[PDB]
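A quick write-up on the structure given underneath.
In this analysis, Cβ positions are derived from the backbone assuming ideal geometry, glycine residues included, and neighbour counts consider all displayed protein chains. The values are calculated or read from the model by the stated rules, or taken from the named source; none is laboratory data.
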Amino acid sequence: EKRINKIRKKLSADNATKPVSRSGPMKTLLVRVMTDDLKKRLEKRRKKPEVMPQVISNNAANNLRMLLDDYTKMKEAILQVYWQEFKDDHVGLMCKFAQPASXXXXXXXXXXXXXXXXXXXXXXXXXXXXXXXXXXXXXXXXXXXXXXXXXXXXXXXXXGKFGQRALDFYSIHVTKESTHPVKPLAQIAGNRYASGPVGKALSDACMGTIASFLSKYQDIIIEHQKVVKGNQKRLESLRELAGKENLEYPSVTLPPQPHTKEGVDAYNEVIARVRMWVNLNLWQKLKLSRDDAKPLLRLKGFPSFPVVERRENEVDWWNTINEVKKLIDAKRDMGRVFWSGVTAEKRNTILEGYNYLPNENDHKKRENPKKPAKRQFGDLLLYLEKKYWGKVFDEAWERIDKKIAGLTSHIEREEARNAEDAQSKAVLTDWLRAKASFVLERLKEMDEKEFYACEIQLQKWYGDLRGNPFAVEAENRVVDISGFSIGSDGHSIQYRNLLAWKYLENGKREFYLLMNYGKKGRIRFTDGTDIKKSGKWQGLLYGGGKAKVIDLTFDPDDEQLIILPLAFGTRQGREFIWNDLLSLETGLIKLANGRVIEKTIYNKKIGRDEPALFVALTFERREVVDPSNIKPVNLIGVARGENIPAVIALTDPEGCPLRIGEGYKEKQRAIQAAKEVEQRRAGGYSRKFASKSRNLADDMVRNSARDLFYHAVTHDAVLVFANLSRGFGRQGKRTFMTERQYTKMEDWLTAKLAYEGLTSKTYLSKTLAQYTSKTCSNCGXXXXXXXXXXXXXXXXXXXXXXXXXXXXXXXXXXXXXXXXXXXXXXXXXXXXXXXXXXXXXXXXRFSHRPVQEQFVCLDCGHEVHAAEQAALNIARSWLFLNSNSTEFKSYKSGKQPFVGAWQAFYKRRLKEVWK
DNA sequence: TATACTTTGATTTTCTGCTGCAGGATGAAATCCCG
DNA sequence: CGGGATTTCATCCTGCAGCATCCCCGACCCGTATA
RNA sequence: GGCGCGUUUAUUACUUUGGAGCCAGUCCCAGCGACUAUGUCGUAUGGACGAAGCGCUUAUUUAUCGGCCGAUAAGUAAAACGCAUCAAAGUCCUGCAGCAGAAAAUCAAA
């Protein structure tokens, strides 16, 4: 009773249905094309198929290569010419992509006392439902709608929404007229692809991409205007250094608002220089806390123009290896006169301060730990200093040169045979960096002028040599299928693609995808109804608004007609090809769009270089359940977290009364530990678990969304989430992006709720997260007053005591926190409390949740899991918000804050009906 | 009893993945060549 | 002069919403051994 | 960690997550540790080599038993079957950015 398709057949089989209004919910297939290895997978089994289905016929693959390669070339040409348009005039291209308005009317005016940003910002009281005042500027009425007031209500020059079809791309490059000199269908594709579907799909893709770039660029220009205003407001760093008299000058002026991309680089360079100076001379040598001298923020978020502005820094491995060896062996003789020279004492400071000699690598936890190869050279230097300082350099150089020669001979004999050693490359780079950072100490002692030039060259070479043998080339290749429609004259296929389903022997089908992107016809159709055991080839082409299957006649020929046999499960087909509730060939689902994707999938037998072929037909729904349900006895309190996500508590409607996805952080910590142990040695990543964590996270999100949806439906309940303010994450030091999923569960639950009809007003509600997980379920904050008296505060709720136990660690520490309290209390206590952060002791002992699972109250003496207790607080916080009893009249009139009003609701209802 | 050592700040060079935004999920109609 | 291939052309969405919620680090980076 | 079966997720074969099944050694290269130090000994860290279910029918080769072949142990090869072995999920594309991981430099804090 706990599968997902049982719940959708519980929803869609107890109340009525209704058609959609304008658009619908979208799903997508992701079927794979049966090339050859999908048939090798079939002739390897125990039971074997009756009909060994089909294979890509070795000519369809060649024209797919031609089509995808021509498509990406045309995309790069269009994006390069609009990049050259964008670098010449920002606001011109922004005004080009604005939109048309609609089919409006004779709206209002605001010419006087209202201009623009970059020319007659009019107005209209559009929707009279609950929100009007749409500005919608003109002179093509560009729907400008902005002005966030604050200091000046200035409306945005370009519109509130950049658009896809604003430019009329099919009046430019693709048409035979219009002497714009860049024509992709003519110059690049060689005039052999049809200028119908190719030009319009390429239009849709390129214009959607530049619309997304401009729609990000406008907001980023606005937010960098705010950040540069705040950063000009934060040059009291010059005020403090004169205020403390200890520092002379930073000597740096800020540029204006950058606006290009390289201005952002110069601006953030100056910001980094000032920030490094502030950390070096104010945060450390003068011991100032961060939140007294606020630092300069960095301009982050500036987008780049999409495809053309990528890096492509590709270099070959052995040539850079020989370059590092050339730089090392050039300066060998100058290193000999240096290390045989100056002192014993200064040279010991070089050997000890620059991390050569091993500090504590002897802690043998059942063999020593390994050394980072700048310290193995230190051990060899120590042994040669004992046994043998001029000729120590020669023996050290010969030994490390023999190690280097053995490593490069092993990599040459293993790389150029069949495979990649994949770890000894990293060790060769580490030992080369060690030889470099041993040779360079003439320059790090004599003159630091040219020392930094060779250092940044060696840093670039080391970064190349460690990262570039693990970089992935060969990004995905997509072509689009923009719609399935019969033309105006009812005998044609506009966009020239179909879902075929040639009939097999008994009753089953084959389900090809037919593409005809050449400059010809080659597909025709009338109608049919027979079911004979041959190529009925039917089709589903969506005539007008109606859905119609056809009888289709064509011959497989090597000029056009990409014929892709699909491969999918019974699950995907049962879901949205032949679903017995939402059938095709009736119109309850309709196909909308399609692709063809050549992406790199992982094949286990070799490395990941196995590009497969997926299709991805995307579908829109047209039959939708009408909301006439209530969910009264409901209040399922979804309380989310990173350790255990989605903790569940179910109540009654008055408020009186599961750990979905329990073991989850351990699994991703194990995957992360595998990535980290494969990253330290063997400097890259080993591209096998390059999608393991995303697949685990997706499986958890979708299984937990299934479980939340199940417990919502079968117990006649409404889920109650907390307003986590999307984008919510811990965002610290050891905080991986794979456990930031407080938004993803809500997104997937809405996506399974938007599909199959419903909205976020019948099974999903959201309440405020203020002071949940903090109030005990039989008791009542964050204003822990330490103003009460050093021996023992008595608090508000009755009386307390002292005698603590603070377990502060991150080293080797623990405390009883009373003797230290008396030591920090001095005597007169006022001077103590002025000069103590010893409130941290009380806030570490007397706090709720000492360990980050449990909970301890301060007047109940109660122990709860603080996740079931958080869930009950969520399910009662929503019951407090929209129930006007007495106390929600307060906090809307502004009488009390939220805390006292919620406590007065809670302890009144805790004695009344225990809620 | 301090001097030796440790983790952590801030710049920088290379790569990776995962989320978080923004575009989207094109049918209808009208011209126009062409043999 | 109809068939088939190009060219244009354009469509809707309103909402109100206030400081913690996730985790955990700080705290003491001063401490601590030990020569 | 590696290698294979395949069931349920009310026409097909896809991408995944689980459960269960069987094998995880050799110093040949390299790493790393100790030093009797331009090397010797260890350590399975990485490449390379092999290890990767069982049972029932049918043809055979070898060893046992029987006075042309018959029945056992092993091995070969084939097809079909059974058991170990059992449940779930899928909404994608494009493009940027932001975080985090990983070493590696430089300048400092106590």
Please indicate, with yes or no, whether at least one residue in segment A:729-749 is of a type in the set (A, V, I, L, M), under 26 Å from A:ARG3 (Cβ atoms) and either under 29 Å from the mean Cα position of the chain (by Cα) or more than 8 Å from DNA strand C (Cβ to nearest atom) (or both).
yes
The number of residues in segment A:603-642 that are in contact with an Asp or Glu (Cβ under 7 Å, 6 or more places away or on another chain), closer than 26 Å to A:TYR685 by Cα and not acidic (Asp, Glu) is 3
Considering (1) of a type in the set (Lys, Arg); (2) buried (at least 18 other Cβ atoms within 10 Å of the Cβ); (3) near RNA strand D (Cβ under 10 Å from one of its atoms), say which one A:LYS386 fails and leave the rest.
(2)
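Only one residue in A:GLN423, A:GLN376 is among the polar types (S, T, N, Q), assigned by TED's automatic domain parsing to the domain that holds A:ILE456, surrounded by 17 or more Cβ atoms within 10 Å (Cβ to Cβ) and within 12 Å of RNA strand D (Cβ to nearest atom). Which one? Before you say what the answer is, go through the steps one by one.
Details: A:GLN423 fails: surrounded by 17 or more Cβ atoms within 10 Å (Cβ to Cβ).
Criteria check complete, one pass: A:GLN376.
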Using beta carbons and a limit of 6 Å, which pairs, at least six apart or on different chains, have the first residue in segment A:319-332 and closer than 16 Å to A:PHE393 by Cα and the second one part of a helix (DSSP H, G or I)?
A:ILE328/A:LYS435; A:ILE328/A:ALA436; A:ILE328/A:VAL439; A:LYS331/A:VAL439
Considering (1) over 25 Å from A:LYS692 (Cβ atoms); (2) over 16 Å from the mean Cα position of the chain (by Cα); (3) within 14 Å of RNA strand D (Cβ to nearest atom), say which one A:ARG706 fails and leave the rest.
(1)
Just one of (1) charged (D, E, K, R); (2) farther than 27 Å from A:UNK793 by Cβ; (3) assigned to a loop (DSSP other than H, G, I, E, B) trips up A:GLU853, so point out which.
(2)
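Is it the case that segment A:229-243 has a residue that's part of a loop (DSSP other than H, G, I, E, B), surrounded by 17 or more Cβ atoms within 10 Å (Cβ to Cβ), among the basic types (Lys, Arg) and more than 16 Å from RNA strand D (Cβ to nearest atom)? Step through it out loud before you land on a result.
As a first pass, look at segment A:229-243 and keep what is part of a loop (DSSP other than H, G, I, E, B): A:233-236.
Subsequent filtering for residues that are surrounded by 17 or more Cβ atoms within 10 Å (Cβ to Cβ) retains none.
For segment A:229-243, residues part of a loop (DSSP other than H, G, I, E, B), surrounded by 17 or more Cβ atoms within 10 Å (Cβ to Cβ), among the basic types (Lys, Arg) and more than 16 Å from RNA strand D (Cβ to nearest atom): absent.
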Which one is farthest from DNA strand C (Cβ to nearest atom) among residues in segment A:191-207 that are polar (S, T, N, Q) and closer than 19 Å to A:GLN560 by Cα?
A:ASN191
Every residue in segment A:252-279 that is surrounded by 17 or more Cβ atoms within 10 Å (Cβ to Cβ) and assigned to a loop (DSSP other than H, G, I, E, B), please.
A:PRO258
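If you go through segment A:550-579 one residue at a time, how many are among the acidic types (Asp, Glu) and touching an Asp or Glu at 6+ places or on another chain (Cβ under 8 Å)? It would help to see each step written out before you state the result.
Within segment A:550-579, the subset among the acidic types (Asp, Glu) is A:551, A:555, A:557-559, A:575.
The next check asks that each one be touching an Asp or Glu at 6+ places or on another chain (Cβ under 8 Å); those that pass are A:551.
The total comes to 1.
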A:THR759, sole failed condition from (1) surrounded by 15 or more Cβ atoms within 10 Å (Cβ to Cβ); (2) among the β-branched types (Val, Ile, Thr); (3) in a loop (DSSP other than H, G, I, E, B):
(1)
Pick from A:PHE525, A:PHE554: which is farther than 24 Å from A:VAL479 by Cα, within 16 Å of DNA strand C (Cβ to nearest atom) and surrounded by 14 or more Cβ atoms within 10 Å (Cβ to Cβ)?
A:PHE525
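Just wondering, is there one or more residues in segment A:438-461 that are closer than 29 Å to A:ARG347 by Cα, within 39 Å of the chain's Cα centre (by Cα), surrounded by 18 or more Cβ atoms within 10 Å (Cβ to Cβ) and within 11 Å of RNA strand D (Cβ to nearest atom)?
Within segment A:438-461, one or more residues are closer than 29 Å to A:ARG347 by Cα, within 39 Å of the chain's Cα centre (by Cα), surrounded by 18 or more Cβ atoms within 10 Å (Cβ to Cβ) and within 11 Å of RNA strand D (Cβ to nearest atom).
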Any pair with Cβ under 6 angstrom, 6 or more apart, that starts in segment A:160-177 at a residue that is farther than 16 Å from A:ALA211 by Cβ and ends at one that is assigned to a helix (DSSP H, G or I) and aliphatic (A, V, I, L, M):
A:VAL174/A:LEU185
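Against the condition surrounded by fewer than 16 Cβ atoms within 10 Å (Cβ to Cβ) and within 16 Å of DNA strand B (Cβ to nearest atom), how does A:UNK812 come out, does it pass?
Values: surrounded by fewer than 16 Cβ atoms within 10 Å (Cβ to Cβ): yes; within 16 Å of DNA strand B (Cβ to nearest atom): yes.
Here the answer is yes, as A:UNK812 does meet what is asked.
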Any idea which residue in segment A:485-505 is farthest from RNA strand D (Cβ to nearest atom), counting only those that are assigned to a loop (DSSP other than H, G, I, E, B) and under 11 Å from A:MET515 (Cα atoms)?
A:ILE493
Among residues of segment A:294-323, those that are in contact with a helix residue (DSSP H, G or I) (Cβ under 6 Å, 6 or more places away or on another chain) and small (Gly, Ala, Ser), counted
1
